[PDB]
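[1] What follows is a protein structure lacking sequence information:
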């Protein structure tokens, strides 16, 4: 249906941008996007900025003791 190649080209012509923006405009799951870019850069593209948003756990919000997080999204950026 939709592979990472999409955001790849978009960012290939744009540059510093976030994937969550596109996914949002299409109501596409955000938690997946995190893996979309992560998986894309997993090979060694350029740069990626992962960000999380929640409002339940007060202890785990900024600091990452484990790393895993429920529902997350990152951004794609080049040099």
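    Now that the structure is in, tell me what you want to look at. Residues are numbered from 1 along each chain as shown.

[2] What helix or strand is residue 76 located in?
    Assessed by DSSP states H and E, residue 76 sits inside strand 72-77.

[3] Name the residues that touch that strand?
    Contacts to strand 72-77, defined as C-beta atoms under 8 Å, 6 or more residues apart in numbering, come from residues 7, 11, 15-20, 23, 30-31, 33-34, 37-38, 40-41, 45-53. C-beta here means a position set from N, CA and C on the backbone, and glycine is covered the same way.

[4] The closest residue to residue 24 other than its chain neighbours: neighbour count?
    Take residue 24 and drop its neighbours on the chain: the residue closest to it by C-beta to C-beta, 6 or more residues apart in numbering is residue 30, 7.2 Å away. By other C-beta atoms under 10 Å, 17 other residues sit near residue 30.

[5] do residue 76 as well
    Residue 76 - counted by other C-beta under 10 Å - has 29 other residues nearby.

[6] how much space between it and residue 25?
    Separation of residue 76 from residue 25 (C-beta to C-beta, to the nearest Å): 15 Å.

[7] and what of residue 66?
    With C-beta to C-beta as the criterion, residue 66 and residue 25 are 32 Å apart.

[8] hang on, the earlier thing: just checking the distance from the strand holding residue 76 to the centre of its chain.
    3 Å (C-alpha atoms, centre = their mean, to the nearest Å).
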